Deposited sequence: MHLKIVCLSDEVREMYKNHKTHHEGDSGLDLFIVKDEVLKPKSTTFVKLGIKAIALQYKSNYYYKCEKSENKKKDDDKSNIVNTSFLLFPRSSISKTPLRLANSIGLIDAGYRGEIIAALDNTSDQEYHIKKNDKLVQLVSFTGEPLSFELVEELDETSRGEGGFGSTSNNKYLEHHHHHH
């Protein structure tokens, strides 16, 4: 699967320029309140491209995709609130992690953290480019 990632600032641009899931960065440092849900914005828009398939309903196409937590989230108190995000074919907005902080204390996330990852429905290796 092929991703077109529009980075939304220059600082993020330099993150991405500088295997069935594609990691995303935590873009700005942030304190997560205790016992909370926080919509962390990821500083990108994306589209996923695949070959057309024939499907039961009653060239390359625009496809839907998935935001999975990274295994390593399990070592933090943070959980993805909506379990696995579903990002529809038509979505053109910023890509956001819904993160629950399950701890009684605040949690500091920092630019450079990869908590989350993009994945294809079919689990096929991922490729991307900027746009």
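Trainee: Where along the deposited sequence are residues missing from the model?
Mentor: According to the deposited record, C-alpha coordinates are absent for 19-25, 66-79, 153-181, which together make up the missing parts.
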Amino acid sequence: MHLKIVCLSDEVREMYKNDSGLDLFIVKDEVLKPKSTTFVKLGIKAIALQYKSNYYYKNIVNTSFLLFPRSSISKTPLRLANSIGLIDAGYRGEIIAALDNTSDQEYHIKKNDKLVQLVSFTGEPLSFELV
From here on, numbers count along this sequence of modelled residues.
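Trainee: Could you check which stretch, 79-87 or 28-36, carries the larger mean CA temperature factor in the entry?
Mentor: Comparing averages over the C-alpha atoms only gives 28-36.
Trainee: Give the stretch, out of 43-51 and 62-70, with the larger mean C-alpha temperature factor in the deposited entry.
Mentor: Comparing 43-51 with 62-70, the higher average CA B-factor belongs to 43-51.
Trainee: Could you say whether, by C-alpha temperature factor, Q117 belongs to the lowest, middle or highest third of its chain?
Mentor: As the PDB entry reports it, the C-alpha B-factor of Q117 lands in the lowest third of its chain.
Trainee: Lowest, middle or highest third: where is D10 by C-alpha B factor in its chain?
Mentor: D10: CA B-factor falls in the highest third of its chain.
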